[PDB]
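# Coordinates in review
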Amino acid sequence: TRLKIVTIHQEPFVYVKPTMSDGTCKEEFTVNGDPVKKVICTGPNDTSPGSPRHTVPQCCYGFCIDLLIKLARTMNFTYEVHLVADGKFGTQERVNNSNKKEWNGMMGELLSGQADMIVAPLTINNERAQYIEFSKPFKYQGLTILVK
Amino acid sequence: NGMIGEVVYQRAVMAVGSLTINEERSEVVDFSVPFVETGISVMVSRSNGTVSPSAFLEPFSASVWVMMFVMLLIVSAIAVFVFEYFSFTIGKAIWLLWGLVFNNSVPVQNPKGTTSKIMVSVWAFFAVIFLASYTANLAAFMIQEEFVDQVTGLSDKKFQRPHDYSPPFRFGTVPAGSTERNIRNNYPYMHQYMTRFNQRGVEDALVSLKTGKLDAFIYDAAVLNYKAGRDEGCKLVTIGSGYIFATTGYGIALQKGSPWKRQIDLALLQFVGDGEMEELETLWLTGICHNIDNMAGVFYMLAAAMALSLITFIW
Amino acid sequence: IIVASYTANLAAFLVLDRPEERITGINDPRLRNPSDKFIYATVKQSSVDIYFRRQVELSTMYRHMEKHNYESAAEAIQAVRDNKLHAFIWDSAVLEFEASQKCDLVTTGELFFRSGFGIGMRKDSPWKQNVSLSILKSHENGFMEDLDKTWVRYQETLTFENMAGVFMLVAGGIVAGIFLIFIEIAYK
Amino acid sequence: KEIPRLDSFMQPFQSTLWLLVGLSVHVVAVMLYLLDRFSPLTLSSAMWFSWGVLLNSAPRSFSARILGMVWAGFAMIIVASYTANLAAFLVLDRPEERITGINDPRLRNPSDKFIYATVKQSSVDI
Ligand SMILES: *[C@@H]1O[C@H](CO)[C@@H](O[C@@H]2O[C@H](CO)[C@@H](O)[C@H](O)[C@H]2NC(C)=O)[C@H](O)[C@H]1NC(C)=O
Ligand SMILES: *[C@@H]1O[C@H](CO)[C@@H](O)[C@H](O)[C@H]1NC(C)=O
Ligand SMILES: *[C@@H]1O[C@H](CO)[C@@H](O)[C@H](O)[C@H]1NC(C)=O
Ligand SMILES: *[C@@H]1O[C@H](CO)[C@@H](O)[C@H](O)[C@H]1NC(C)=O
């Protein structure tokens, strides 16, 4: 029942808006009258140079939030939406004990048991699927170059 | 039946050949990872994209047009002032002005107003330069290569009933396929319209598209893309890239409990993540296939001008 | 003949010289040996970084982007918004939504590494199989379809560039000509 | 690929619009003469002036000058568009009429149209 959902700030998928009065979300609409279904998440301002420590519950919404709403409509469970500590995916970087490369980030918080499910459009590659199981890819998306 | 009848009934181990991915095949056996982005699409006959717009005023002169009429009325009022300073230019300056814009053999008068002649000369040089710029902008509108589509959705207004549209269209698939099961999982009425327009095979429908005995054909995306890259004359080109579709993929269905499955999935990840799959796509695809009169709308505006002249004619 | 040459020359200015001004072919080794003006970056600790480190020819791009590691992609958005960047490898539809936001941010046509995005999962769990079944149930219907119709499909060379300075200069010439008309009327 | 040189003036081009302009200026003359009879050598002069509007090189038109100015502006914008698309037809008429190198996927499965061969027993064949 308790599903600690972790997420990173994705610019089209995870919109993080501060609460209006006290822990509340504004019932904003889309371009066709459909109201925006936000959720209560726990997020900081920035990383450690940005803010020293200021993590508040705000309103997270976008795409994957309504996707998890569709999941909870589908299957009988509850959840717990929170954010990721850093602003990284989490790679196999070295730990200071005689150059031993381990994982961090979203993978480092998932394998620590602090997280439960990473609802994020991560690039499925070899070695991350070598260690944990993934889901089937909902999004079919490539890579390209942005210019001016 | 088929590969499903061979693998689920354990007469075959796996199907290393390509296979569509849908609900019940994922229910009976477990696929591999989707190694290629292969949804579904519809091959059409031809978009018939001709570079001619129906309108020529509002897509071209919208913000220029207001300032052009403002400067036209200013120059005409100045000509009225010069004609009243020192033999028909009381209110008829506008027809003279916009006839000397084009110079289509319009005999008006011999101007003795020197200020009128100077303003006509400046406005005539201005008329020459915006006529040159408008011809240049018509060339610039020709420069891009566009194509006008007709069916821009799976919920298209043609798909309700072809009695509303004066050409009746046509579309069909092959029997005993997963495409029909996907359509029946979408619309029973679409199967009702498709059952009367059934056909035999893929290349038979291709020949029907070549000869013009078929309009639309629902199939997978990348196979139709490969057939369109080898199309003769570059006519049979699909609309979009599966944007209005379920956007499935291709996988390798193994028996549920096969120990080879993880090694196959990691080998597919290794084949994708080094350009070797990109080398195979270069070896087995093609992408060289890149991207006259639509008049009488301004004739409808001409008929509206005739109606307004008949309105002003009676009084 | 002179003004016909002028009309055809004004037609000839807008003929498409400079069709594309960069090296957007990904296999072109000008990016393998870049310059100071080729500011291409990546997000720090990205999967694309692992994809580049996995191969053997991505050395110079890795050495350039390790001097250009970004915390977030919004840092890259602000940098190319301030024209500090020149190229960035990113997912297609997100940059399509950003091109719908601001038209100066333009993608390229070469679609490379057609990847799949799923959900980060644990190991063998009863909340994996029904989850994948619900994902496939989302695939079979138009749920991702109309959620793309909400904002992904929803976006948000004319006579207008060559008129403004023309309008100002012609209006100034008209006012100056009227002033000279006042002078010539004052002469007679 | 060497195609010899009418450039689609009237006979390869579709011949509807010239009859449309003829019938349109006929309707123009009909409504000009309804204006003439219901006036709030004249006939031949008004006909020749209707030709002279299109001639591109004036009777009493108290409300007919609007008709003349709309017809003249329409005629010049139509012939300007015809100049534009004839130049467009003769400039951008370069299709792909070759093989484009040895890496042509279209000749991987050829037909009896792209007839390519080589010298019998050549080293290029080896
Ligand atoms: C980012 O963190 C800072 C620091 O905790 C927050 O700044 C505080 O804001 C409140 C409300 O204005 C003030 O009463 C405090 O005095 C501020 N503290 C300091 C030390 O600056 C800030 O609210 C956070 N950003 C947001 C808007 O969430
Ligand atoms: C969900 O689970 C609870 C557990 O007590 C059960 O009682 C309830 O019937 C279920 N409801 C739904 C919506 O399936
Ligand atoms: C941690 O690793 C760093 C790498 O530079 C190195 O200084 C040392 O081996 C470790 N500990 C310290 C003292 O930083
Ligand atoms: C899947 O389906 C139902 C509802 O989610 C659940 O009770 C059952 O235990 C699940 N079993 C599997 C195959 O995960």
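This entry, as listed in the PDB, derives from cryo-EM and reports a resolution of 6.99 Å.

## Comments concerning the pattern of salt bridges
Applying the stated rule across the entire model yields 17 salt bridges over all chains. Here B:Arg200 and B:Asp204 are joined by a salt bridge, their closest N and O atoms 3.8 Å apart. Residue B:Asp204 is classed as partly exposed on the basis of its relative accessible area, which comes to 34%. Put simply, C:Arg30 and C:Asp28 hold a salt bridge, and the shortest N to O gap is 2.4 Å. On the basis of relative accessible area, C:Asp28 is assigned to the partly exposed category, the value being 24%.

## A word on the sheet that holds strand β2 (residues 171-172) of chain B
Residues and elements named next belong to chain B. Pairing is mixed in the open sheet, where three strands are placed in the order β1-β3-β2. This sheet does not close on itself; its edge strands, each paired only once, are β1 (40-44) and β2. The sheet contact formed by β2 and strand β3 (residues 216-220) spans two bridges and is parallel. Bridge pairing in β3 places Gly 172 opposite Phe 217.

## Comments concerning the packing of helix α12 (residues 297-313) of chain B against helix α3 (residues 64-91) of chain D
Packing of α12(B) against α3(D) brings their axes to within 11 Å, and their N-to-C directions diverge by 170 degrees. Put simply, α12(B) runs roughly antiparallel to α3(D). Of the residues in α3(D), those touching α12(B) at B:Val298, B:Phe299, B:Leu302 and B:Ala305 are D:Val70, D:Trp71 and D:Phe74. When grouped by side-chain class, the residues that make up the contact of α12(B) with α3(D) number seven nonpolar, no polar and no charged.

Parameters and conventions
- Residues numbered from 1 in each chain as written, not as in the entry; some residues may be left out.
- Chains lettered and ligands numbered in written order.
- Part of a larger assembly, values for the part shown.
- Heavy atoms only, no water.
- Salt bridge = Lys/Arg side-chain N within 4 Å of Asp/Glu carboxyl O.
- Buried < 20%, exposed > 50% of the residue type's maximum accessible area, 1.4 Å probe, protein only.
- Pairing = 2+ DSSP bridges.
- Helix = DSSP H or I, 4+ residues; strand = E, 2+ residues; numbered from the N terminus.
- Axes fitted to C-alpha atoms, helices over the stretch in contact; angles between N-to-C directions.
- Parallel < 35°, antiparallel > 145°, perpendicular 65-115°, else oblique.
- Contact = heavy atoms within 4.5 Å.
- Nonpolar A, V, L, I, M, F, W, Y, C, P; charged D, E, K, R; others polar.

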